[PDB]
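# Remarks on the overall topology
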Amino acid sequence: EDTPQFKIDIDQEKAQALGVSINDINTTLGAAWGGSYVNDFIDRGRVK
Amino acid sequence: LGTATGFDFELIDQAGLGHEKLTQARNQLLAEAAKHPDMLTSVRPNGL
Amino acid sequence: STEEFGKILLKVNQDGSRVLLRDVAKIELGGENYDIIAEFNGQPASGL
Amino acid sequence: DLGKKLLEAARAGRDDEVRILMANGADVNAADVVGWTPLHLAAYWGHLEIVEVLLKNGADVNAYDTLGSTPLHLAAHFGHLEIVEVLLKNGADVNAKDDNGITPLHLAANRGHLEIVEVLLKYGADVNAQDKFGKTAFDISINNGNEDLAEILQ
């Protein structure tokens, strides 16, 4: 069944005004609250 | 088809030791094989 | 909808004037390509 | 527990069971995780008869969620003319501002609910009211490009 969800609205004009990119906004919100797979590393000889 | 009386052995790193510890293990197995010239002959690594 | 695409803010002028997408373009639902045009006994038609 | 069954009854549009919970004295201002009362849910899912029953049993009409939004905010956004009129009859703050400064008129203007916009103005809406960005219901109608609405807001 449907559940409450936190609808955030990015104001384009206000962002364009302050000189903040939308790419940086979305990456910040998405990476922080959602998680972001950056690249691979080696843990005891295995790619992870 | 290779040759007859010839064998193909694979030494495996099963516990994330590393390349150096596996080399030491190979070197240790090769040295032991060399003390049985009556059973084994030409026991050598295939790699570099 | 076409209304939401119409109100896409492209830039903001120094006098606080919003240059929207509908101010520099006509917004409408239209075919991906306009190459194929079919007619059934002369009248407008489509098909598979 | 009983206040929880009221939230699920007010949302699931069960008129009969919502009234049974009143006989048993269910908390009418029973707020969920997000701070929504039964009135919030009925205004949202468009349950008019549940809204009326609730307000009768002393529902707080100016109840606000964890983001400052009232039932009137939800009625005016989802275009529930009747429900909007009931809340305004029962003394809803027509100039109610949420955390972002968005009013019930702001939301009516955005979704282009001309009939509701007229009810709010009738009841004493402030057209010059601003959100946190300094945009009015008139500013909205121009950007959205609504002519019928913009002439009403003048």
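Higher on the page you've got the structure.
Every chain's residues are listed with numbers counted from 1 in the order the sequence is written; these need not match the entry, and residues without coordinates are not shown. The lettering of chains begins at A and the numbering of ligands begins at 1, in the order of writing. What appears here is a fragment of a larger assembly, so each number quoted concerns just the fragment shown. Hydrogen atoms and water are omitted, and side-chain values are computed over all heavy atoms in the structure.

This part covers the nonpolar core. Nonpolar side chains in soluble globular proteins tend to be buried together. Residue types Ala, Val, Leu, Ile, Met, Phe, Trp, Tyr and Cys, when buried and joined through side-chain atoms within 4.5 Å, form a set referred to as a nonpolar core. Per-residue accessibility, obtained with a 1.4 Å probe over protein chains only, is compared with the maximum for each type, and a residue is labelled buried under 20%, exposed over 50%, and partly exposed between these values. By size, the foremost hydrophobic cluster in this structure holds 45 residues, and its most contacted members are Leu 39, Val 84, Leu 87 and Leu 120 of chain D. Note on contacts: a residue pair qualifies if any of its non-hydrogen atoms lie within 4.5 Å across the two residues. When sequence neighbours within four positions are dropped, the list of residues in contact with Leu 39 of chain D reads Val 51, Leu 54, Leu 55, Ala 59, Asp 60, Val 61, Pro 71 and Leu 87 of chain D.

Turning our eyes to something else, we now look at the pattern of salt bridges. Just to be clear on terms, a salt bridge is a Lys or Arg side-chain nitrogen sitting within 4 Å of an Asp or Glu carboxyl oxygen. Using the criterion set out here, one finds six salt bridges over all chains in the structure. Here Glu 8 of chain D ties to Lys 4 of chain D by a salt bridge, and the two come within 2.7 Å at their closest N and O atoms. Residue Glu 8 of chain D and its partner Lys 4 of chain D are both found in helix α1 (residues 2-11); the two are separated by four residues, about one turn of the helix. The exposure class assigned to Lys 4 of chain D is partly exposed, which follows from its relative accessible area of 45%. A single network of salt bridges, built from pairs that share partners, joins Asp 43, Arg 44 and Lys 48 of chain A. Secondary structure elements are defined from DSSP: runs of H or I of at least 4 residues count as helices, runs of E of at least 2 residues count as strands, and each element is numbered from the N terminus.

Okay, α1 of chain D next. Here α1 of chain D has its buried residues at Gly 3, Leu 6, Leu 7, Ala 9 and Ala 10 of chain D. On its buried face, α1 of chain D is in contact with α2 (15-23), α3 (38-45) and α4 (48-56) of chain D.

Moving on: the side chain of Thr 103 of chain D. Residues and elements named next belong to chain D. Relative to the helices and strands, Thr 103 resides in the loop between α6 (81-89) and α7 (104-111). In protein, a polar contact requires one atom able to donate a hydrogen and another able to accept it; more generally it is a pair of N or O atoms within 3.5 Å, and residues adjacent in sequence count only if both atoms are side-chain atoms. A polar contact of 2.5 Å, which involves the side chain of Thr 103, links it to the side chain of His 106. In contact with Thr 103, other than residues within four places in its own chain, are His 73, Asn 95, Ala 96, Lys 97 and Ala 129.

The values are spatial; any link to function lies outside them.
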